[PDB]
Amino acid sequence: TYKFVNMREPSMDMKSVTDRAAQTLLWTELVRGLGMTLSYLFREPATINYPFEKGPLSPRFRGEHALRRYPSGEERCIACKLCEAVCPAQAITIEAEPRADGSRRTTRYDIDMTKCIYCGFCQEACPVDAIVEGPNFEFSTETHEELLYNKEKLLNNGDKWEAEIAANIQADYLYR
Amino acid sequence: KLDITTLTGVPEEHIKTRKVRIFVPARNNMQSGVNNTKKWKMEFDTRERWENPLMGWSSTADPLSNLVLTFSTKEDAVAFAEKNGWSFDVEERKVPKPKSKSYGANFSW
Amino acid sequence: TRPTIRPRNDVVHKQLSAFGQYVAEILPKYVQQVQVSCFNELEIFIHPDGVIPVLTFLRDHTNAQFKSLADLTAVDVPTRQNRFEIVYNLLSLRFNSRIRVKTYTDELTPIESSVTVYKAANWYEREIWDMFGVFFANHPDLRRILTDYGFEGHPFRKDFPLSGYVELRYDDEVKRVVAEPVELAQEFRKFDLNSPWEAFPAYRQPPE
Amino acid sequence: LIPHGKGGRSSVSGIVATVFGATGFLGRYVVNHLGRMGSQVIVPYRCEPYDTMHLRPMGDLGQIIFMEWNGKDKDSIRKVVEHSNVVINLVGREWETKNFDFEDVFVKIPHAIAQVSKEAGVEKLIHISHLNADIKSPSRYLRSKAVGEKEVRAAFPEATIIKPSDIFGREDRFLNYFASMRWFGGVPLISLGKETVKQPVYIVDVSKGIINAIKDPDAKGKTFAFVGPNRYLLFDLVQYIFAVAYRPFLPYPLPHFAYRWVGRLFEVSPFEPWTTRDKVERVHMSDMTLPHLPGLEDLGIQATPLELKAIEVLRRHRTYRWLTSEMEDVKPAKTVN
Amino acid sequence: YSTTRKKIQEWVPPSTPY
Amino acid sequence: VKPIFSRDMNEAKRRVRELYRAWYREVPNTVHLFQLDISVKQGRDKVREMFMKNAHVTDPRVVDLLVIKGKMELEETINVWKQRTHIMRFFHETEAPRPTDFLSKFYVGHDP
Amino acid sequence: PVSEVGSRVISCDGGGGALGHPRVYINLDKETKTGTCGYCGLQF
Amino acid sequence: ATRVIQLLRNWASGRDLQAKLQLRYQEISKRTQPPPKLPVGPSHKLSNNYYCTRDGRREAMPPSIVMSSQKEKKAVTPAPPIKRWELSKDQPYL
Ligand SMILES: CCCCCCCCCCCCCCCCC[C@@H](O)O[C@H](CO[C@H](O)CCCCCCCCCCCCCCC)COP(=O)(O)OCC[N+](C)(C)C
Ligand SMILES: NC(=O)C1=CN([C@@H]2O[C@H](COP(=O)(O)OP(=O)(O)OC[C@H]3O[C@@H](n4cnc5c(N)ncnc54)[C@H](OP(=O)(O)O)[C@@H]3O)[C@@H](O)[C@H]2O)C=CC1
Ligand code: SF4
Ligand code: SF4
């Protein structure tokens, strides 16, 4: 098992001696490495042309949050409120009150990307699969107050992307 | 009276103008369970907690509202707070009285 | 009872048991008890004064060539006549196995430093000193680490709020960052997850 | 709103102060003492976002709210007042810009501010003018500010009016100025000595005083005026300036007209001139000593002496040879009064 | 912005005299 | 029972006096080297005050423990550990005033 | 939106097989019915 | 991506990169995939399961204890000594 890195030692044979001496005086390995970077000059550059091209991702990838509707057009969220109860950063805050119809609903679902750690526990937790960690990954913004999403904001994110998200979940759920 | 107030960095305000409130917690009555009931704990008194002007969050000032500590014996708890030089409100363990039960007493007549 | 549960070898439990007996007899001026955690982890106790002599022999051969502290943990518990409860892991190499001696300590009694015995414990003395009140005697240099400068109160005291009693913020009128009491927003919502119905008949203390 | 909780960075307060032109020395400090209270503010920018940027930390998330505006459009000023409980005027300018003619700055803007303060039902309005604003032939600022003073008083009479007795601070355009007069060579004195005399107030004191003035129910229509505890002579004063800046001190006696020839020479620069004839008249006219008007101590705040605080203000002017030194070494300047 | 309306909705004195 | 340092009071009080000597003499150097603009007196007075803060402690070991925690600070200022911020921190200068008068407090906030 | 017919008890899931709300049984016919989150009432 | 260059490149390298060209992925795994179906799991039998058996956390037991000092003979090792390792076999030195 155990292996000796090094430990191997140079021969004192005169051909070898002259070789190492000529190596020192004439810099063989030096020019070797130099030739190596020469060799990497000729390979095709790895850069992608962002924005105009964008890097590969995955169906499972996590990003901006977004509550989302039934196809019926009704919202999914039902305030079982355990999204609050499982987020380690406890970013989420929820305050449900009854619908006039009598159905359970949120009044001010909110979240703040300032504290959220994008761990995707909320994505797992929801029994009705309401909140979803959306594919979008870019929403850097000027002002701190914008980070602190309101419920309406999440819905708008759910409106913007719904075909996309439904596509990911469609492509992914079997592995769940 | 092993006072250690100088050793703790705690500001004088909160070894002074507030009190601990030792008790063995009551059973949640919705529950029929008994487990969480036992073992002394050392809750502090509540102070002010207003509201965030933005987003409506319950912003809060007091340094140590959420603190709470389990114990095995009450004397140990009182002595504990005494070591801290703490004001306290010890409360009795209030075990339910044992009660007679009989399925057949339902069928007296 | 196979696929899920761990098999737990009897053998190791034997050897650790007998070895615990072995040390128990070799030096019983101080080994209060040599309990073996059933998942193969021996762990003898020590009278707090007795720290150096035990650990010393613990490096010294008989079989106890347990060189290198893995760590110097300092479990806290508000109860007990003395709250803080120090712990020493140890590892022997040739017989590849780990043990774990441990003591107890008053808030105020100065237990001696164990730096000389395990060698690589100089950093730990400073750690536990600045994460606790406990003092180690014959330590070349206790001083704060893992904190700010002033800061004062030890954390990890099992009490002591996680949000602490202070905060820095930069203040233009004086053009400088400065300490100031926490004023914390949102407040640490504190769930009480803990639930009724004891799950563990196999333990559960006598009602007394 | 009713105030809640310990005063603090998270603390609410009813104040929804609106400060105009806070980009300057005052009231960056005034916003800060609002901010330690946690009181909301709506400082609105005329200039550019960038210079305003350092204003941001002072608040607490949603507190500070920059708003675009113009002093010339009526509704533009209707914007930032629109929910303000109180509106405060700190706007001032030493050198007359072109497009803002020197008069409107001290007339029109305070005017629209005053009457809009009326229409919006603003709970309090407040305004600043130099103690020497009392009309005098030299200098058009004292007079134009007297005009807007009297105007807002005529329009929002219950407004209290600031009359500060020269504030000294690290960001000052005054003390730093005479500190920087070294750069030309000497220090132009019209005739040295008692040719004019001044008294100063710590900037910090003025700020604390203003917010305390909102903290004072009594500070209604009263025209507050701020003076520091000590009294000094301009000559001995500058003597103390180079006594703390350690720079060589050359008094430079001068016939009065030539200094104005100098001011006319230096008004030429398109940018922001170091000196101007208006400032030339800011120079030689002494502050009046009247104390009977409502003022700083009436607020209950006591002035911080300049003598311990000039050092921090001027250390940046120090040569490296002297850049570290105790203030006490310099010797407290004698007080004329 | 703030969401979920109000709290205490405290009552106020009547317009009518006495 | 093992004592930390000095047995009985007074033996420990001398320690603390020594400590005051050290702090006091060091202070002008602190104001000089740190470019602090606190009045050179004020630091001294504040030192004396901090020394008054525990001027009623009476336990045996606790006081020597107090000079242990007292050494480290001069230990830091002498090594230029801590900074202008960190050492100016003691003066609480940015705080809003908080009168201890009952009625004064009474108007301001819900209080304890 | 319009209520589905029933007679009487019947499933609901919100229509998403392992994508909808977890399965429940509404129990009405001529009466208006339900429900979980899916509004899929069974008034008929 | 031309013979005029690739030859010179490989010779400059002394490694002949063309066999790998690992610095890019010209044609790796296709992204869309057939549905998973995915494994059931060992205990999913309905015919015989009892959690009283399968449970592991209930097998937790209080630590075995010895001495409790609080309340010939022969010497012995904690464990038999481990053997010295064999030296790598195929590549004894590096
Ligand atoms: C008739 C006879 C007349 C004379 C005939 C004989 C000629 C005499 C022998 C010629 C030798 C001249 C070579 C120049 C001196 C070489 C010594 C130099 O390498 O010193 C070493 C230090 O090496 C140098 O610092 C190398 C660093 C230089 C970095 C630049 C790389 C140059 C890239 C190649 C450019 C070539 C362009 C020109 C080519 C025509 C120190 O040796 P040592 O301490 O014991 O261990 C390190 C051994 N090294 C060489 C493997 C590092
Ligand atoms: N020692 C002192 O300085 C004393 C001052 N005062 C008075 O108190 C006030 C505060 O002084 P201070 O803050 O130092 O002066 P500053 O110049 O520092 O403050 C004025 C600010 O208001 C802005 N401003 C005002 N009007 C306009 C306008 N029409 N368009 C664009 N910007 C405008 C200025 O430019 P911008 O915001 O665009 O950058 C500047 O930022 C002054 O008005 C002064 O007369 C009184 C006594 C002593
Ligand atoms: S899980 Fe998703 S839906 Fe159910 S409550 Fe938490 S957030 Fe609302
Ligand atoms: S994102 Fe990750 S962390 Fe933030 S809430 Fe949803 S789950 Fe909890």
# chains A, B, ... in the order shown; residues from 1 in each chain; ligands from 1
$ residues_around --residues "residue 167 (chain D)" --least-positions-apart "3" --cutoff "12 Å" --atoms "only C-alpha atoms" --output "PyMOL selection string"
chain D and resi 25-27+29+130-131+163-164+170-176+198-207+209+225-228+303-306+309-310+313
$ residues_around --residues "residue 14 (chain B)" --least-positions-apart "2" --cutoff "12 Å" --atoms "only C-alpha atoms" --output "ChimeraX atom specification"
/B:5,8-12,16-20,44-47,62-65,84-87 /C:160-161,165 /F:112
$ write_last_selection --atoms "N, CA, C and O atoms" --output "short mmCIF file (atom, residue, chain, number, x, y, z; two decimals), in the first residue's frame"
data_model
loop_
_atom_site.label_atom_id
_atom_site.label_comp_id
_atom_site.auth_asym_id
_atom_site.auth_seq_id
_atom_site.Cartn_x
_atom_site.Cartn_y
_atom_site.Cartn_z
N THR B 5 -20.88 38.57 39.14
CA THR B 5 -21.35 39.60 38.23
C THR B 5 -20.23 40.30 37.48
O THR B 5 -20.36 40.60 36.30
N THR B 8 -18.94 37.97 34.40
CA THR B 8 -19.77 37.94 33.21
C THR B 8 -19.74 39.33 32.61
O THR B 8 -19.72 40.32 33.34
N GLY B 9 -19.75 39.44 31.29
CA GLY B 9 -19.67 40.76 30.71
C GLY B 9 -21.03 41.42 30.66
O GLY B 9 -21.19 42.50 30.10
N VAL B 10 -22.02 40.76 31.25
CA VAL B 10 -23.40 41.20 31.10
C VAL B 10 -23.57 42.60 31.66
O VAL B 10 -23.06 42.92 32.73
N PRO B 11 -24.24 43.46 30.90
CA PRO B 11 -24.47 44.84 31.33
C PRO B 11 -25.32 44.83 32.58
O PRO B 11 -26.15 43.95 32.74
N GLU B 12 -25.10 45.80 33.47
CA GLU B 12 -25.74 45.80 34.78
C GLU B 12 -27.25 45.77 34.68
O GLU B 12 -27.94 45.22 35.55
N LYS B 16 -29.90 43.45 36.83
CA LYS B 16 -30.74 44.24 37.71
C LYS B 16 -32.20 44.26 37.29
O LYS B 16 -32.98 43.40 37.69
N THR B 17 -32.55 45.22 36.45
CA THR B 17 -33.96 45.51 36.19
C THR B 17 -34.65 44.46 35.33
O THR B 17 -35.36 44.79 34.37
N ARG B 18 -34.46 43.20 35.69
CA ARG B 18 -35.33 42.13 35.24
C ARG B 18 -35.09 40.87 36.06
O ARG B 18 -34.08 40.76 36.76
N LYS B 19 -36.02 39.94 35.98
CA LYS B 19 -36.06 38.81 36.89
C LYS B 19 -36.22 37.49 36.16
O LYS B 19 -36.87 37.42 35.12
N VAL B 20 -35.63 36.45 36.71
CA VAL B 20 -35.80 35.13 36.14
C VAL B 20 -37.11 34.62 36.71
O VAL B 20 -37.68 35.24 37.60
N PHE B 44 -36.78 33.89 31.41
CA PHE B 44 -36.75 35.26 31.88
C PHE B 44 -38.05 35.99 31.55
O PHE B 44 -38.85 35.51 30.76
N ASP B 45 -38.24 37.13 32.19
CA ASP B 45 -39.38 38.00 31.92
C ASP B 45 -39.32 38.65 30.54
O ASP B 45 -38.24 38.96 30.04
N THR B 46 -40.48 38.84 29.94
CA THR B 46 -40.59 39.51 28.65
C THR B 46 -40.35 41.02 28.77
O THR B 46 -40.68 41.62 29.78
N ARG B 47 -39.77 41.61 27.73
CA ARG B 47 -39.67 43.05 27.61
C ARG B 47 -40.35 43.51 26.32
O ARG B 47 -41.13 42.77 25.73
N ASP B 62 -34.45 43.74 23.45
CA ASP B 62 -33.82 43.13 24.61
C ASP B 62 -32.79 42.09 24.22
O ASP B 62 -33.00 41.30 23.31
N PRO B 63 -31.65 42.12 24.91
CA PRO B 63 -30.51 41.26 24.64
C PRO B 63 -30.81 39.78 24.73
O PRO B 63 -30.21 39.01 23.99
N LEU B 64 -31.71 39.37 25.62
CA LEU B 64 -31.74 37.97 25.99
C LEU B 64 -33.11 37.34 26.24
O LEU B 64 -33.26 36.48 27.10
N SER B 65 -34.09 37.73 25.44
CA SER B 65 -35.45 37.24 25.61
C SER B 65 -35.62 35.75 25.40
O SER B 65 -36.37 35.10 26.12
N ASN B 84 -25.29 33.63 39.98
CA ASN B 84 -25.30 34.69 39.00
C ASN B 84 -25.72 36.00 39.64
O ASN B 84 -25.63 37.05 39.02
N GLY B 85 -26.16 35.94 40.89
CA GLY B 85 -26.70 37.11 41.55
C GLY B 85 -28.03 37.55 40.95
O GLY B 85 -28.29 38.74 40.81
N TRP B 86 -28.85 36.58 40.56
CA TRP B 86 -30.13 36.86 39.92
C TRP B 86 -31.37 36.90 40.80
O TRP B 86 -31.56 36.07 41.68
N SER B 87 -32.20 37.91 40.53
CA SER B 87 -33.55 38.02 41.08
C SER B 87 -34.42 36.91 40.52
O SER B 87 -34.31 36.59 39.34
N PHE C 160 -26.12 33.12 28.06
CA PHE C 160 -25.50 34.13 27.20
C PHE C 160 -26.05 34.12 25.78
O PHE C 160 -25.81 33.18 25.03
N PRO C 161 -26.76 35.18 25.42
CA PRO C 161 -27.50 35.21 24.16
C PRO C 161 -26.59 35.10 22.97
O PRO C 161 -25.50 35.67 22.98
N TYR C 165 -24.51 41.07 23.43
CA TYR C 165 -25.04 42.29 24.01
C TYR C 165 -24.63 43.52 23.22
O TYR C 165 -24.93 44.64 23.62
N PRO F 112 -38.84 48.71 31.64
CA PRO F 112 -39.07 47.37 32.17
C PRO F 112 -40.46 47.20 32.77
O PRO F 112 -41.30 46.54 32.15
#
$ select_by_dssp --residues "region 7-59 of chain H" --states "alpha helix (DSSP H)" --output "list in words"
residues 7, 8, 9, 10, 11, 12, 13, 51, 52, 53 and 54 of chain H
$ write_last_selection --atoms "N, CA and C atoms" --output "mmCIF file, in the first residue's frame"
data_model
loop_
_atom_site.group_PDB
_atom_site.id
_atom_site.type_symbol
_atom_site.label_atom_id
_atom_site.label_comp_id
_atom_site.auth_asym_id
_atom_site.auth_seq_id
_atom_site.Cartn_x
_atom_site.Cartn_y
_atom_site.Cartn_z
ATOM 1 N N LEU H 7 0.290 19.330 -35.195
ATOM 2 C CA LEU H 7 1.547 18.591 -35.201
ATOM 3 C C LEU H 7 2.614 19.340 -34.412
ATOM 4 N N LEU H 8 2.742 20.629 -34.707
ATOM 5 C CA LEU H 8 3.701 21.473 -34.016
ATOM 6 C C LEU H 8 3.368 21.568 -32.543
ATOM 7 N N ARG H 9 2.076 21.566 -32.256
ATOM 8 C CA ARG H 9 1.590 21.715 -30.903
ATOM 9 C C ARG H 9 1.978 20.490 -30.109
ATOM 10 N N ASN H 10 1.695 19.327 -30.677
ATOM 11 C CA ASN H 10 2.022 18.092 -29.998
ATOM 12 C C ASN H 10 3.517 17.956 -29.801
ATOM 13 N N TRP H 11 4.295 18.356 -30.801
ATOM 14 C CA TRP H 11 5.736 18.266 -30.637
ATOM 15 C C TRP H 11 6.257 19.223 -29.586
ATOM 16 N N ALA H 12 5.631 20.385 -29.478
ATOM 17 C CA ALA H 12 6.026 21.331 -28.453
ATOM 18 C C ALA H 12 5.677 20.763 -27.091
ATOM 19 N N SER H 13 4.636 19.939 -27.058
ATOM 20 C CA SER H 13 4.174 19.367 -25.803
ATOM 21 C C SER H 13 4.979 18.155 -25.369
ATOM 22 N N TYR H 51 -41.858 -2.726 12.278
ATOM 23 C CA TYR H 51 -40.883 -1.715 12.629
ATOM 24 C C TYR H 51 -40.211 -2.082 13.938
ATOM 25 N N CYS H 52 -40.862 -2.929 14.726
ATOM 26 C CA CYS H 52 -40.300 -3.354 16.000
ATOM 27 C C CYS H 52 -38.982 -4.069 15.774
ATOM 28 N N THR H 53 -38.825 -4.631 14.584
ATOM 29 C CA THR H 53 -37.585 -5.285 14.206
ATOM 30 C C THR H 53 -36.642 -4.331 13.483
ATOM 31 N N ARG H 54 -37.157 -3.717 12.423
ATOM 32 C CA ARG H 54 -36.354 -2.928 11.497
ATOM 33 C C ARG H 54 -35.766 -1.700 12.159
#
$ residues_near_ligand --ligand "ligand 3" --cutoff "7 Å" --atoms "only C-alpha atoms and all ligand atoms" --output "number ranges by chain"
A: 76-84, 125-131
$ residues_near_ligand --ligand "ligand 2" --cutoff "8 Å" --atoms "only C-alpha atoms and all ligand atoms" --output "JSON, numbers by chain"
{"D": [20, 21, 22, 23, 24, 25, 26, 27, 28, 45, 46, 47, 48, 51, 70, 71, 72, 89, 90, 91, 92, 93, 94, 100, 105, 109, 128, 129, 130, 131, 162, 163, 164, 165, 166, 167, 168, 172, 173, 174, 203]}
$ residues_near_ligand --ligand "ligand 1" --cutoff "10 Å" --atoms "only C-alpha atoms and all ligand atoms" --output "list in words"
residues 20, 21, 22, 23, 24, 25, 26, 27, 28, 29, 30, 31, 32, 33, 34 and 35 of chain A
$ residues_near_ligand --ligand "ligand 4" --cutoff "6 Å" --atoms "only C-alpha atoms and all ligand atoms" --output "PyMOL selection string"
chain A and resi 87-89+91-92+116-122
$ write_last_selection --atoms "C-alpha atoms" --output "PDB file, in the first residue's frame"
ATOM      1  CA  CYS A  87     -35.521  27.083   6.758  1.00  0.00           C
ATOM      2  CA  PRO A  88     -32.227  27.217   8.655  1.00  0.00           C
ATOM      3  CA  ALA A  89     -31.792  30.875   7.945  1.00  0.00           C
ATOM      4  CA  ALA A  91     -35.609  33.823   6.042  1.00  0.00           C
ATOM      5  CA  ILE A  92     -39.265  33.124   5.562  1.00  0.00           C
ATOM      6  CA  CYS A 116     -31.768  33.056   2.437  1.00  0.00           C
ATOM      7  CA  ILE A 117     -28.946  30.656   1.755  1.00  0.00           C
ATOM      8  CA  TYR A 118     -30.408  28.956  -1.261  1.00  0.00           C
ATOM      9  CA  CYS A 119     -30.197  25.563   0.346  1.00  0.00           C
ATOM     10  CA  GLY A 120     -33.400  24.362  -1.214  1.00  0.00           C
ATOM     11  CA  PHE A 121     -35.010  23.006   1.918  1.00  0.00           C
ATOM     12  CA  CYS A 122     -38.122  24.962   1.085  1.00  0.00           C
TER      13      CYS A 122
END
$ closest_residue --among "B:57, B:40, B:71, B:88" --to "chain A" --atoms "only C-alpha atoms"
B:57
$ residues_around --residues "residue 111 (chain A)" --least-positions-apart "3" --cutoff "9 Å" --atoms "only C-alpha atoms" --output "PyMOL selection string"
chain A and resi 65+90-94+114-116+147-151+154
$ write_last_selection --atoms "N, CA, C and O atoms" --output "compact mmCIF listing (two decimals), in the first residue's frame"
# COMPACT_ATOMS: atom_id res chain seq x y z
N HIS A 65 -36.55 32.38 -5.95
CA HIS A 65 -37.78 31.71 -5.52
C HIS A 65 -38.99 32.22 -6.27
O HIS A 65 -38.94 33.32 -6.81
N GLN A 90 -34.14 30.81 8.45
CA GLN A 90 -35.44 31.33 8.85
C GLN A 90 -35.76 32.60 8.09
O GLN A 90 -36.32 33.53 8.64
N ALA A 91 -35.39 32.63 6.82
CA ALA A 91 -35.61 33.82 6.04
C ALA A 91 -37.08 34.09 5.94
O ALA A 91 -37.52 35.22 6.04
N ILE A 92 -37.84 33.02 5.79
CA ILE A 92 -39.26 33.12 5.56
C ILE A 92 -40.06 33.65 6.75
O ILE A 92 -39.77 33.32 7.89
N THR A 93 -41.05 34.48 6.48
CA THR A 93 -42.02 34.84 7.49
C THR A 93 -43.42 34.77 6.91
O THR A 93 -43.66 35.29 5.83
N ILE A 94 -44.35 34.13 7.60
CA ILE A 94 -45.68 33.95 7.04
C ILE A 94 -46.75 34.39 8.02
O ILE A 94 -46.58 34.23 9.22
N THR A 114 -31.56 38.41 1.44
CA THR A 114 -30.49 38.85 2.29
C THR A 114 -30.10 37.78 3.29
O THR A 114 -28.95 37.72 3.72
N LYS A 115 -31.03 36.91 3.66
CA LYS A 115 -30.71 35.91 4.66
C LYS A 115 -30.82 34.51 4.12
O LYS A 115 -30.20 33.59 4.63
N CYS A 116 -31.61 34.35 3.07
CA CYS A 116 -31.77 33.06 2.44
C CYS A 116 -30.45 32.50 1.99
O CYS A 116 -29.63 33.25 1.50
N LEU A 147 -34.32 43.38 -2.11
CA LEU A 147 -34.07 41.97 -1.89
C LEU A 147 -35.17 41.30 -1.10
O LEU A 147 -35.48 40.13 -1.30
N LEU A 148 -35.80 42.06 -0.23
CA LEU A 148 -36.72 41.51 0.74
C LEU A 148 -38.06 41.23 0.09
O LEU A 148 -39.01 41.96 0.33
N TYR A 149 -38.16 40.17 -0.70
CA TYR A 149 -39.35 39.98 -1.51
C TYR A 149 -40.66 39.92 -0.75
O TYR A 149 -40.74 39.33 0.32
N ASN A 150 -41.68 40.55 -1.30
CA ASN A 150 -43.04 40.41 -0.83
C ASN A 150 -43.71 39.25 -1.50
O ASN A 150 -43.18 38.71 -2.46
N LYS A 151 -44.89 38.88 -1.02
CA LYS A 151 -45.63 37.80 -1.65
C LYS A 151 -45.94 38.07 -3.10
O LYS A 151 -45.81 37.19 -3.96
N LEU A 154 -43.17 37.35 -5.39
CA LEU A 154 -42.91 35.96 -5.67
C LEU A 154 -43.90 35.51 -6.69
O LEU A 154 -43.55 34.79 -7.62
$ atom_distance --atom1 "CA of residue 100 (chain F)" --atom2 "CA of residue 53 (chain F)"
17.5 Å
$ residues_around --residues "region 92-105 of chain B" --least-positions-apart "4" --cutoff "12 Å" --atoms "only C-alpha atoms" --output "list in words"
residues 21, 22, 23, 24, 25, 26, 27, 34, 37, 38, 39, 40, 41, 73, 74, 75 and 109 of chain B
$ select_by_dssp --residues "chain C" --states "strand (DSSP E or B)" --output "number ranges by chain"
C: 34-37, 41-45, 69-75, 84-92, 97-102, 105, 111-112, 136-137, 167-171, 176-180
$ closest_residue --among "D:229, D:179, D:8, D:60" --to "chain A" --atoms "only C-alpha atoms"
D:60
$ atom_distance --atom1 "CA of residue 70 (chain C)" --atom2 "CA of residue 66 (chain H)"
24.3 Å
$ residues_around --residues "region 176-187 of chain C" --least-positions-apart "2" --cutoff "9 Å" --atoms "only C-alpha atoms" --output "NGL selection string"
(:B and (49 or 51-52 or 56-63)) or (:C and (163-174 or 189-190)) or (:D and (6-11)) or (:F and (84-86 or 88-90 or 92-95))
$ interface_residues --of "chain A" --to "chain D" --cutoff "10 Å" --atoms "only C-alpha atoms" --output "PyMOL selection string"
chain A and resi 143-146
